[PDB]
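**Student:** For reference, the structure I am asking about is given below.
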Ligand SMILES: Nc1ncnc2c1ncn2[C@@H]1O[C@H](COP(=O)(O)OP(=O)(O)OP(=O)(O)O)[C@@H](O)[C@H]1O
Ligand SMILES: [Mg+2]
């Protein structure tokens, strides 16, 4: 799709690239490493989700916790870091 | 012929006490993956228990049919949900094969 | 050439989120949390921001992905709170325009 | 457990309810040339193996 | 015969409701995400009750 639109677009713009993957826990470490290397080689941004932090040493990570609070809900977001 | 069956006279629904809210009808679209998986397992064990209850009267009084279920791609569940599932299966004496 | 990038995703008055801005990564952004944390909600909010066509938006569970569930509900309404809500994307263009 | 060719369909976990797409049921490619066996062992309430 | 048919339908409905309510007790307090309980709601449709 990017290649086809190369004519209509201006010579100075490269379109943004982004994909998703929910339930990433279905992939093992080797597969996720391969996916990461592919995406970075293709300058592809990825937003992945998994109950457990399956990618601790790459990109940015967030952890979400839902709390019942006075008869409603709130999500608390905490950043995570590879090493401490 | 549909009217001739008593079951058709009954309306059956699946309700979940989701969070702070009361009991809501279980809609696949209004739940997360883990919640749907867990509710599915709950209904499956309900079905197994109902089938055993129905079949008991046509079986030897000292026969308890085996109960065994699967769960593929279990990684979609967190530790808490997995522990709850294990507790449920143990309470129901039900064998699990989880991948 | 320098390809544009998605800096961040902001969620306003969403189910669970009042006003939360996740700063996206240049390569990979990961979201973790137990079941029902709200990751799928974030994905849905992003895609809604990307393709606001209401006919297309259908948030089926990962289970029954593409299997007709006959719920009659696309699932987006229950993911929003009463009142106004917003879903926005900041993008740095290859022309370095925010 | 259920040795019926009509019902046995080992579609991928993805597309768990989606249409066939292809015609294969995915069982043949899981076997090897020759004679194979799949057996369960059960202990009844009567303790018959 | 019609009265007997109606009575037997009613009796079977009551028995099944009781059995389902009994089974429901085991699913009380199941913690799944934000889900805390599961119930099988059984009811008699008006279109058939009348
Ligand atoms: N349309 C909706 N109506 C009602 N509740 C909803 C709706 N969408 C999401 N929820 C609830 O909001 C919470 C977060 O849902 P969501 O699917 O975003 O979570 P998640 O982090 O993706 O979960 P999981 O990883 O287990 O799939 C859950 O309690 C879910 O039941
Ligand atoms: Mg999810």
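Protein chains in written order, with the UniProt record's numbering: chain A, 1385 to 1468; chain B, 1335 to 1433; chain C, 2 to 99; chain D, 51 to 99; chain E, 1236 to 1285. The beta carbon of each residue, even a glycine, is placed where N, CA and C say it ideally should be.
#1: Count the CB pairs spanning the region 1415-1422 of chain B and the region 1410-1428 of chain A that are closer than 8 Å, and state whether there are at least three.
#2: State yes or no: is the beta carbon of residue 67/D nearer than 8 Å to at least one beta carbon in chain C?
#3: Tell me the DSSP secondary structure of residue 59/C in three-state form.
#4: Please classify residue 1467/A: does DSSP put it in a helix, a strand, or coil?
#5: Going along the chain, which residues put their C-beta within less than 5 Å of some heavy atom in ligand 1?
#6: Using a Cβ distance threshold of 8 Å, determine whether the region 1384-1396 of chain B contacts the region 1269-1282 of chain E, with at least three qualifying pairs required.
#7: Any C-beta of chain D within less than 7 Å: which residues of the region 1392-1404 of chain B qualify?
#8: When the Cα atoms are used, what is the spatial distance from residue 1335/B to residue 1237/E?
#9: With residue 1374/B as the anchor, note down where its alpha helix (DSSP H) starts and where it stops.
#10: Where do the N-terminal and C-terminal ends of the alpha helix (DSSP H) with residue 1352/B fall, by residue?
#11: Could you spell out where the alpha helix (DSSP H) holding residue 1418/A opens and where it closes?
#12: Got a sec, what are the start and stop residues for the alpha helix (DSSP H) residue 1239/E sits in?
#13: Taking beta-carbon pairs under 8 Å, can you tell me which members of the region 1359-1372 of chain B lie near chain A?
#14: Counting pairs of Cβ atoms below 8 Å between the region 1341-1352 of chain B and the region 42-49 of chain C, do you hit three or more?
#15: CB of residue 1433/A to nearest heavy atom of ligand 2: below 7 Å?
#16: Are there three or more Cβ pairs, one per stretch, closer than 8 Å when the region 24-41 of chain C is compared with the region 1442-1460 of chain A?
#17: Pull up the distance between the alpha-carbon of residue 1359/B and that of residue 1262/E, whole angstroms please.
#18: Please determine, among 1466/A, 1465/A, 1452/A, 1463/A, the residue with the shortest C-alpha to C-alpha distance to residue 1268/E.
#19: Starting from the C-beta of residue 1415/B, find all residues in its chain whose C-beta is less than 7 Å away, skip the five residues before and the five after it, and write them out in chain order.
#20: Quick one: is residue 1415/B near chain C, going by C-beta distance under 8 Å?
#21: May I ask you to list the residues that DSSP assigns as paired with residue 1457/A?
#22: By Cβ distance below 7 Å, which residues in the same chain neighbour residue 91/C in space, the five residues on each side in sequence not counted?
#23: Pick helix, strand or coil for residue 19/C, following the three-state DSSP scheme.
#24: With distances taken between CB atoms, is the gap from residue 1362/B to residue 61/C smaller than 8 Å?
#25: For residue 1423/A, count the other beta carbons within 10 Å of its own beta carbon; 16 or more makes it buried, fewer makes it exposed. Which is it?
#26: For residue 1252/E, I'd like the list of residues in its chain whose CB is within less than 8 Å of its CB, leaving aside the five on either flank, ordered along the chain.
#27: Look up residue 1408/B in the DSSP assignment and say whether it is helix, strand or coil.
#28: Using a Cβ-Cβ cutoff of 8 Å, what residues of the region 60-85 of chain C are near chain A? List them in chain order.
#29: Would residue 1452/A pass as an interface residue toward chain C - the criterion being a Cβ-Cβ separation below 8 Å?
#30: Taking C-beta to C-beta, are residue 1255/E and residue 1340/B nearer than 8 Å?
#31: Cα separation between residue 1377/B and residue 1461/A?
#32: Taking 8 Å as the cut-off, decide whether the C-beta atoms of residue 1406/A and residue 42/C are in contact.
**Tutor:** From the atom records:
#1: no
#2: Residue numbering aside, residue 67/D sits at position 17 when the fourth chain is read from its first letter. It does; some Cβ of chain C falls within 8 Å.
#3: Here residue 59/C refers to the residue found at position 58 when the third chain is read from its first residue. Residue state, collapsed to three classes: coil.
#4: Here residue 1467/A corresponds to residue number 83 of the first chain, with the count starting at 1. Of the three classes helix, strand and coil, the one that applies to residue 1467/A here is coil, per DSSP.
#5: Any heavy atom of ligand 1 counts here; residues with a Cβ closer than 5 Å to one of them, in chain order, are 1364/B, 1365/B, 1366/B, 1367/B, 1368/B, 36/C, 37/C, 38/C, 39/C, 40/C, 41/C, 42/C, 76/C, 79/C, 80/C, 1269/E.
#6: The answer is no - the region 1269-1282 of chain E does not touch the region 1384-1396 of chain B, with fewer than three Cβ pairs under 8 Å.
#7: Residues of the region 1392-1404 of chain B that bring their beta carbon within less than 7 Å of a beta carbon in chain D comprise 1396, 1397, 1398, 1400, in sequence order.
#8: By one-based count along the second chain, residue 1335/B stands at place 1. By one-based count along the fifth chain, residue 1237/E stands at place 2. Residue 1335/B and residue 1237/E: Cα-Cα distance of roughly 17 Å.
#9: As a working note, residue 1374/B is residue 40 in the second chain. 1367-1390 is the span of the alpha helix (DSSP H), which, as asked, contains residue 1374/B.
#10: Taking the first residue of the second chain as 1, we reach residue 1352/B at position 18. No alpha helix (DSSP H) contains residue 1352/B, which is instead part of the beta strand (DSSP E) from 1344-1352.
#11: To locate residue 1418/A, count along the first chain from 1; it is residue 34. Counting along the chain, the alpha helix (DSSP H) containing residue 1418/A begins and ends at 1413-1425.
#12: Residue mapping note: residue 1239/E aligns to position 4 of the fifth chain, counting from 1. Taken as a continuous stretch (DSSP letters only), the alpha helix (DSSP H) holding residue 1239/E covers 1237-1259.
#13: 1367, 1368
#14: no
#15: Taking the first chain and counting its residues from 1, the one referred to as residue 1433/A is at position 49. At least one heavy atom of ligand 2 is nearer than 7 Å to the Cβ of residue 1433/A, so yes.
#16: Segments in contact, yes.
#17: As a position in the second chain, residue 1359/B is number 25, starting the count at 1. As a position in the fifth chain, residue 1262/E is number 27, starting the count at 1. The alpha-carbon atoms of residue 1359/B and residue 1262/E are separated by roughly 16 Å.
#18: Position 33 of the fifth chain, counting from 1, holds the residue named residue 1268/E. For residue 1268/E, the nearest C-alpha among the options comes from 1452/A.
#19: By 1-based counting over the second chain, the position of residue 1415/B is 81. 1368, 1372.
#20: The count along the second chain starts at 1 and reaches residue 1415/B at position 81. Residue 1415/B counts as touching chain C.
#21: Position 73 of the first chain, counted from the first residue, corresponds to residue 1457/A. The partner list for residue 1457/A (beta bridge, DSSP) reads 1452/A.
#22: In the third chain, residue 91/C corresponds to position 90, counting from 1. Counting only Cβ-Cβ distances below 7 Å, and skipping sequence neighbours, we find 8, 9, 99.
#23: As a first step, residue 19/C must be located in the third chain, where it is residue number 18. Residue 19/C: coil per DSSP, three-state reduction.
#24: By one-based count along the second chain, residue 1362/B stands at place 28. By one-based count along the third chain, residue 61/C stands at place 60. Closer than 8 Å, so yes.
#25: Position 39 of the first chain, counting from 1, holds the residue named residue 1423/A. The residue is buried, with at least 16 neighbouring Cβ atoms inside 10 Å.
#26: Position 17 of the fifth chain holds residue 1252/E. So the list reads 1277, once near-sequence residues are dropped.
#27: In the second chain, counting from the first residue as 1, residue 1408/B sits at position 74. Residue state, collapsed to three classes: helix.
#28: 63
#29: Within the first chain, the letter at position 68 stands for residue 1452/A. For residue 1452/A, the answer is no, since every Cβ of chain C falls outside 8 Å of its Cβ.
#30: Numbered from 1 along the fifth chain, position 20 holds the residue referred to as residue 1255/E. Numbered from 1 along the second chain, position 6 holds the residue referred to as residue 1340/B. Their beta carbons are not under 8 Å apart, which means residue 1255/E does not touch residue 1340/B by this criterion.
#31: The count along the second chain starts at 1 and reaches residue 1377/B at position 43. The count along the first chain starts at 1 and reaches residue 1461/A at position 77. Spanning the two alpha carbons is a distance of roughly 33 Å.
#32: Translated into positions along the first chain, residue 1406/A becomes position 22. Translated into positions along the third chain, residue 42/C becomes position 41. Not closer than 8 Å, so no.
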